[PDB]
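One chain follows as structure tokens, the form deposited in one PDB entry.
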């Protein structure tokens, strides 16, 4: 599956980021993300913020309940188990699940901007950027060491190709 994000910084349009999901390696993790992009469950990522952007590290988002890192939920109810760890954080431009330790996957995710081998076996990798890596770069340059954002960066519209 390929899904997309239309990103905006303080009401202003930046561009569309397109992702391919590893639906034949991590089918349940890729499905959570796909369904949250389309909003077909009546809830999902449209309108949700990138609440934590660390330059030369990653972009963290997906909290569509509270917007600050404390919320969000998966399509299976609450949190779900780590599906597997077959893919590694070996290149920039990967989608990987945020969590609160083992088997606590919900809706939060991050996008890497550098190889992160120290996250292998801790975070489930389920996709990569196939188009718009330059909008990831623009968003990244809006962050800070602390993760605080210089602008309100929102996933204004999301969907599936």
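Positions refer to the first chain, counted from 1.
The form deposited with a partner chain bound is left out here; the points below concern that form.
Heavy atoms within 4.5 Å of the partner chain in the deposited complex are found in exactly one of 35-43, 131-139, 116-124, 22-30, that being 116-124. Using a 4.5 angstroms threshold between heavy atoms, residue 81 stays clear of the partner chain in the deposited complex.
By the criterion of a heavy atom within 4.5 Å, residue 108 is counted among the residues contacting the partner chain in the deposited complex. Using a 4.5 angstroms threshold between heavy atoms, residue 69 counts as touching the partner chain in the deposited complex.
The partner chain in the deposited complex comes within 4.5 Å of a heavy atom belonging to residue 145.
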